[PDB]
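> Experimental coordinates follow, after the sequence.
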Amino acid sequence: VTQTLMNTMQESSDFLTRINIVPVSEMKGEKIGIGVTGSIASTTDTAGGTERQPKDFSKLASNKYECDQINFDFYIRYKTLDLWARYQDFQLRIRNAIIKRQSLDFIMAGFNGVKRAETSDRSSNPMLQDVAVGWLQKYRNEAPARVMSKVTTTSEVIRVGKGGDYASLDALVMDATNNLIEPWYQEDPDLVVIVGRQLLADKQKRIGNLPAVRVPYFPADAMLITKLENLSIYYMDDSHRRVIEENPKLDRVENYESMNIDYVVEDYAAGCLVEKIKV
Amino acid sequence: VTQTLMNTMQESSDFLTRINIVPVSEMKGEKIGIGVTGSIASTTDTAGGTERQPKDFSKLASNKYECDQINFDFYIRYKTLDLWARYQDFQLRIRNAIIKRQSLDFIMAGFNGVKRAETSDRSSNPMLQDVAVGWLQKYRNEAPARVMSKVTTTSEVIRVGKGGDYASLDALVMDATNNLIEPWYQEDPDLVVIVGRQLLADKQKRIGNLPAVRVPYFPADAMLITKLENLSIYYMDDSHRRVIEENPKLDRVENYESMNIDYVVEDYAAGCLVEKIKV
Amino acid sequence: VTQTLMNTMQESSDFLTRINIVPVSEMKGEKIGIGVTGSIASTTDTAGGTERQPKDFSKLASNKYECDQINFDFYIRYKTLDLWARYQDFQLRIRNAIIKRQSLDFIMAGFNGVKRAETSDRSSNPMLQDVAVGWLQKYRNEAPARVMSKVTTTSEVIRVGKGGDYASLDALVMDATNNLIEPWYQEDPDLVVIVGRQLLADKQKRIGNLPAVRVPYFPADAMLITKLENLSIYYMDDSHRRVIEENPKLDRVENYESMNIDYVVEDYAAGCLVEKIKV
Amino acid sequence: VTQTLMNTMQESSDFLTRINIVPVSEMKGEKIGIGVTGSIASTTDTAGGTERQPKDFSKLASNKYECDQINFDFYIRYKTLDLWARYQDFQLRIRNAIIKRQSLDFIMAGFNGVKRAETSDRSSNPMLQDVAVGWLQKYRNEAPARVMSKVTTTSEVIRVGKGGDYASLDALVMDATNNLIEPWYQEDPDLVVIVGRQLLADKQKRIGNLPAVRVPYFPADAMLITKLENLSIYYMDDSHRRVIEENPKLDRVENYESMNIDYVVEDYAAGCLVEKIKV
Amino acid sequence: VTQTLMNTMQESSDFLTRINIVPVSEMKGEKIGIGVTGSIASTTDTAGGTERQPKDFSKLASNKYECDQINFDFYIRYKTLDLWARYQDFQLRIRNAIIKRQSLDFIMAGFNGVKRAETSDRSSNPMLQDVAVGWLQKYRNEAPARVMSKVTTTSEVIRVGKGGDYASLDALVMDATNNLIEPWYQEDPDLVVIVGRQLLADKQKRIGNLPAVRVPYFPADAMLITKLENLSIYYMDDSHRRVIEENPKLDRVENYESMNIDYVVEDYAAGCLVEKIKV
């Protein structure tokens, strides 16, 4: 029944609708392959000679993905609760607000998360980093290739200024696409560049030869290019557990809720990122 | 039943639809928190160690809002009334006109209101100022910070001319956003700039990195930046009282109507304003 | 029942839909004030002190409008009629044509009419001038002020050429707006400039402020600025009279029709016109 | 019943939908007047004096239009017929194709047709010229005025090059409109310029002050300006005769079909053309 | 019943919807003519003289098309199958994915296929070439004319650089259209240019005088111009044979499927291509 809530959350936010979310009933295994393209068409002599052998479309290679839990937990005083109850039919109003906050927090944790560690903190981490391992960290860790942090081997700051390595940013994206992406991945019909809020320069008209799209939260001075169906998140089906209760202590009612999730990029050779950009 | 009329008025005008209006049944208390965002997601060892404590989303800090009444009151002669009655089914026509006028007057009183005082006047105040305390005055009074009236400490005229402090206005909005707004408020997905009619320069295409929108009435040489859901108005539920009657004196029929309202900005750290702009 | 036909005629053409037309049952009196906006909100001590006095919204001042009749009259030969009677449902094919022509004639007579006089001529007046008094003539006659036609007192040819008084047109628009319109009328959600065809300069076409719009027929070298709901036409309800003849005269079936109308601007403070523009 | 087929054909193509087609039951007579505009409104003393006389809207002047027949006739082999029959429900497919071809051929014959002559040929006339008299030839023949083939009286090549008479083409269209069109035809609300494919220069954005539209086939170095309701075609109602039959000779099935049509421009003073343009 | 699946596949992808697919029940014969235009209208004396002879619209000239089979064949492990089955109603999900892959692979094989040969390979041919003969190869083989690989007779590299033959690409497309296309094919109302991904230069706004459209896979440094209804593919009706089965060997379930298809361009004189472009 958790799939109903998960699909509701996915529909609630636009960005998540462009991404896929699948429930896996086990804990640690191998991942489904969606963003794979190939030339499955062929022909061969089937009369007096060789025989035809098929070709997979799964591309399983070193995933060993494992899922961990995260929990959202909050509380409300009684005065605020009564003020909300004064609203006409606030039952839907509260639900929509909490759903929207959870959906936004998913992405905020996803894009710039790194180094999952117990006993998370919200003092030194305004943006939540140590809550789970993210897509960017997944690239930066599992495949140390296909990332441009250095230049070739001088200072590892890819600059675009006066003495810039790539004075024009479209030339940079062209070089990245032509160098660190597979040939039959070059001309894919739905490749998209993800960039933050500072590097926009006000123009989703076009960039290089690929459409652009921004996200709510994203590390500045960092860019990515991939299909908007490659990356995804997995959530264990029968692990969503919530409980609400009030306590006369400090006159509040609180709720706790926990799910088991893990971010995962399906294909590695489709999509590269760059970091440490100046200007 | 007043909520029906209030929602009708809100729907009648487009701008008010983008804003929220909630009925509070008490007079003076604490305010609901809507425009609040945070990283409620976390993780911590729940087996053999610490325990998890939730986190509020209310952010109550020094509101002490109090509501006052305002009343609209007018009259019509008999000749104009009969001429209106000559129209085919004018009953809806009159109602729509008065609703539109009330809705527009709400905003006109809201944006540039200051220093609520009894015995309002319409001679020295073409625009109504002393009718109620407005959002701009609320910022300028409750939080003396997050407002740029001076320069740093030379003349307090933020100029954009030849010897201008900010020759380019987009640089000004960038500086304001980066300086007087909270970090996790910087990249919010629905931040909007409010500007009057003179500072438009003909271009809602784009400004800086934020979309722009104008309002019917607004103080010239003044600009604001915030979410279009932060600010709001509160109206006491059981306080709307109206009465109509005719008097043979000077051959007229008049009506009086009074409501209890108060403008309120939900979050202060989300949204800053600037005043006294030259060119 | 004439109101049904009048409403059909109004709905037929687009420009007339943006304008208001009303049946008046009397002949000469005071006008209905639709397009006016005043701050009706206020507040005053009603306990131990003064009392609250309402505020009208009519602002009637020296209106004194008087209606006059105009009549249409035409005829068709039997040959053209028999040819028309060939289509499937020729009735609508004729009705829509005559309705559209009558509406176009209404607009033409409205915009550049002057000095109503009996025994109208169609030789010396290609465009119909002496048929009725138009909005432009109404401004030029009733309010001799609030019309910009001279320079200050040299030649009254407002030029925008090389040595022009206002080499840039939008500067002239801003000057006229800020010098001839009321303060609380300087900004309004629908203030629009009307201009002819030759003065368009190819750029509806977004202009600096007051988004422009053209009309079918309009005097060149003249411009107006007002709300598209300010001006209007009034028609006497029970005065529409038509009659048909099929005469054994030379060869024809003719028809005559007559209505009683009068053009009227609702408020003079909202809207100014400029004439005799060079270049 | 032919009107059903004619309306089907008119709806099939977009361009013909913007034009009118009327069935006339006689052969040679006078033409219906649609694209006529005038000031039918007037006023005159009907009490003690003159009487009011109506005004026609037919404008009959020297039409004497006469209709001639044209016939389409083709054939298909049996192999192609069976291959078509292999398609799923090809009965509609064949009909749509032949309707589209007939509709396109109507226009192709219309725009650049001249000098109707029996025994048409398809060797020396790739584009069909001698099939019927066209709109362009109708202007060039019936009204020798309102056409600019010469300059005033030097070489009759209206050039736009270096030593061009009209270096700017919009100036040319402005001059043509102001010179060879009637005054009350100048500002008509639906005037349109027709131009071929070579003179487009890639920009229906705007040209001069009139919208532009291209047609499938059109003589290069030729331009026209008129209302898209002035010109039209007439077709005799009870003259459409078709017959299909197969003949074992050369293994084919053929069909012949004949209609009686004639192109006609309604008003001459509304719309002028220019020819022999260089660059 | 195969037509249901074929139409489903055609609808699944947008590009194939703009193209036609017809089932032929024989193996090798003559092709249907769709993209043919002509002046079928004519006129001739049918009384006392010659007789009228119709004109074909088939244009059969040297097609001799022959169809060959291609087969798609793949397999899935059991773990991936169970993971897919965990999804809610994956039966449609798998079908949509395989349909999309087949549809894309059709085009990828079509545009840059050459020299059909048995025992296809996927090592030295990342893009599949020897699977079937494609449209480009069809032009380059059957009609050695209407292709610009050389210059006139210097180096056969049509360059656009500094010393370029055609410095401007629109001039190149204009020259190609005016030279290697038939006159009555020049002004066709739906001519379109096909270009790859590198030669886009970011601008489907417009190119030359024709609209542009890109395709997923296309040979770089190659361009084509034709109607989007000229080319097509033929598929034998009763030849689609598929079979699925599992084998405990290496724990997999596989499927094989074979169809009989052949690409074919309907008209040769409508549409030309150019290859070997520099810059």
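Noted; the coordinates are in hand. Numbering: from 1, shown residues only, chains lettered A, B, ... in the order given.

> and whatever helix or strand residue A:110 lives in, anywhere near chain B?
For residue A:110, the host element (DSSP states H and E) is helix A:90-111. Yes: Helix A:90-111 lies within reach of chain B by CB under 8 Å from any CB of the partner chain, at A:97, A:101, A:102, A:104, A:105, A:106, A:108, A:109. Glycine gets a C-beta too; all of them are placed from N, C-alpha and C.

> roughly how far is the helix or strand following that helix from the heart of the chain?
Using DSSP H and E, the next helix or strand after helix A:90-111 towards the C-terminus is helix A:135-142. In terms of CA atoms, centre = their mean, to the nearest Å, the centre of helix A:135-142 is set 11 Å apart from its chain centre.

> Using the centroid of chain A, identify the residue furthest from it.
residue A:48 (51.1 Å; CA atoms, centre = their mean).

> any idea how far it is from chain C?
71 Å (CB to the nearest CB, to the nearest Å).

> mind checking the SS state of that residue?
coil (DSSP: H, G, I helix; E, B strand; the rest coil).

> Spit out the contact partners of residue A:221.
Listed by CB atoms under 8 Å, 6 or more residues apart in numbering or on different chains, the contact set of residue A:221 reads A:196, A:198, A:199, A:275, A:276, A:277, A:278.

> at 7 Å what do you get?
A:275, A:276, A:277 (CB atoms under 7 Å, 6 or more residues apart in numbering or on different chains).

> Using the three-state scheme, assign the residue of the stretch 51-200 of chain A found nearest chain C.
Per CB to the nearest CB, residue A:200 is where the stretch 51-200 of chain A lies closest to chain C, at 24.5 Å. Secondary structure assignment for residue A:200 (three-state DSSP): coil.

> Could you verify my assumption that it touches residue B:209?
Yes: using CB atoms under 7 Å, residue A:200 is in contact with residue B:209, at 6.1 Å.

> So if I had to pick from those two, which one is more boxed in?
residue B:209 (17 against 13; other CB atoms under 10 Å in any protein chain shown).

> among the contacts of residue A:221, which are in strands?
A:275, A:277 (DSSP state E).

> Go back to the contacts of residue A:221 and keep what's next to chain C.
Contacts with chain C within the contacts of residue A:221, counted by CB under 7 Å from any CB of the partner chain: none were found.

> Now do the strands in the stretch 151-279 of chain A.
A:158-159, A:191-195, A:212-214, A:222-227, A:231-236, A:241-247, A:252-265, A:272-275, A:277-278 (DSSP state E, counting those that start in this stretch).

> For chain B, which of the ones you listed is the nearest?
Comparing the strands of the stretch 151-279 of chain A under CB to the nearest CB, the one sitting nearest is strand A:252-265, at 5.1 Å.

> which residue sits closest to the residue of the stretch 151-279 of chain A found nearest chain D, ignoring its sequence neighbours?
Nearest residue of the stretch 151-279 of chain A to chain D (CB to the nearest CB) works out as residue A:205 at 18.8 Å. Distances taken as CB to CB, 6 or more residues apart in numbering or on different chains put residue A:212 closest to residue A:205, at 8.0 Å, once the chain neighbours are dropped.

> and the helix or strand where residue A:5 lies, is it in reach of chain E?
Assigned by DSSP H and E, residue A:5 falls within helix A:2-12. Yes: using CB under 7 Å from any CB, helix A:2-12 reaches chain E at residue A:3.

> packing partners for that helix?
helix A:14-17, strand A:21-24, helix A:90-111 (3 or more CB pairs under 7 Å, 6 or more residues apart in numbering or on different chains; DSSP states H and E).

> Deepest in the core, which of the ones you listed is it.
Mean neighbours per residue, mean count of other CB atoms under 10 Å in any protein chain shown, is largest over these for strand A:21-24, with a mean of 19.

> and after that strand, which helix or strand comes next?
Next along from strand A:21-24, by DSSP H and E: strand A:28-29.

> For residue A:112, give me its contacts.
With CB under 7 Å, 6+ apart, residue A:112 has these contacts: A:127, A:129, A:134, A:136, A:217, A:219.

> Show the buried residues in these.
Taking 16 or more other CB atoms under 10 Å in any protein chain shown as the criterion, what is buried in the contacts of residue A:112 is A:127, A:129, A:134, A:136, A:217.

> Might one say that the last one is in contact with residue A:111?
Yes: with contacts counted by CB under 7 Å, residue A:217 reaches residue A:111, the gap being 6.2 Å.

> got the residues of chain A near chain B?
Counting by CB under 7 Å from any CB, chain A sits next to chain B at A:70-76, A:79-80, A:83-84, A:86-88, A:101, A:104-105, A:108-109, A:118-120, A:122, A:126-128, A:131, A:197, A:200, A:202, A:216-217, A:254, A:256.

> So stretch A:63-79, near chain E or not?
No: using CB under 7 Å from any CB, stretch A:63-79 never reaches chain E; the gap is at least 11.7 Å.

> Let's see the distance spanning that stretch from one end to the other.
End-to-end distance of stretch A:63-79 (CA to CA, to the nearest Å): 49 Å.

> OK, contacts around residue A:43?
Applying CB under 7 Å, 6+ apart, the residues contacting residue A:43 are E:70, E:71, E:118, E:120, E:131.

> Go again with 8 Å.
E:68, E:69, E:70, E:71, E:116, E:118, E:119, E:120, E:131, E:132.

> and it, backbone torsions?
Dihedral angles of residue A:43 (phi, psi; degrees, to the nearest 10) stand at phi -160, psi 140.

> Likewise for residue A:13?
Dihedral angles (degrees, to the nearest 10) for residue A:13: phi -110, psi 140.

> Closest approach to chain E from chain A, which residue is it?
Closest point on chain A to chain E, by CB to the nearest CB, is residue A:54, at 3.9 Å.

> Much appreciated, bye for now.
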